[PDB]
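For reference, each letter of the sequence shown is one residue, going 23 to 94, 97 to 125 in the deposited numbering. From the three backbone atoms N, C-alpha and C, an ideal C-beta is built for every residue, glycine too.
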Amino acid sequence: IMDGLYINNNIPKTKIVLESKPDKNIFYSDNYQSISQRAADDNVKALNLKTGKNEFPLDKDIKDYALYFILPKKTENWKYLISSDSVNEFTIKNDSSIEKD
């Protein structure tokens with residue numbers, strides 16, 4: 023169990039949204055309001071990141087997720105499609121940039 027989601031967070035009060043089995047078009051269209059309106063869907067999960075290291079498991083029975091970063097601020101790379109068969113690592117830097125490592 024190496025595969026998963028690993029986030030090194032340097033910006034306090036940052037949040038993520040994970041959506042399982044996402045529609046890729048909707049994903050590319052999405053902005054902050056559109057994904058916000060889906061917070062209540064069964065397949066959508068908002069989480070508050072702690073400062074420093076965060077790890078979340080990804081269900082291997084689901085291939086694909088959409089991951090969205092919600093800073094407390098705007099960043100270029102705020103959204104990614106990630107697979108559960110992979111080690112997905114990210115760092116939210118002090119300057120608010122997000123590196124996928």
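Review point. Does the Cβ-Cβ distance between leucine 27 and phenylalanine 91 come in under 7 Å?
Key: no
Review point. What span of residues does the beta strand (DSSP E) with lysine 103 cover, start to end?
Key: 103-107
Check your understanding: Taking the alpha helix (DSSP H) that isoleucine 57 falls in, what are its first and last residues?
Key -> 54-58
Point to revise | Selected residue, minimal CA-CA separation from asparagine 101, among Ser107, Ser110, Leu89 and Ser108 | key: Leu89
Review point. Taking the continuous beta strand (DSSP E) assigned at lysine 124, which residues delimit it?
Key: 122-124
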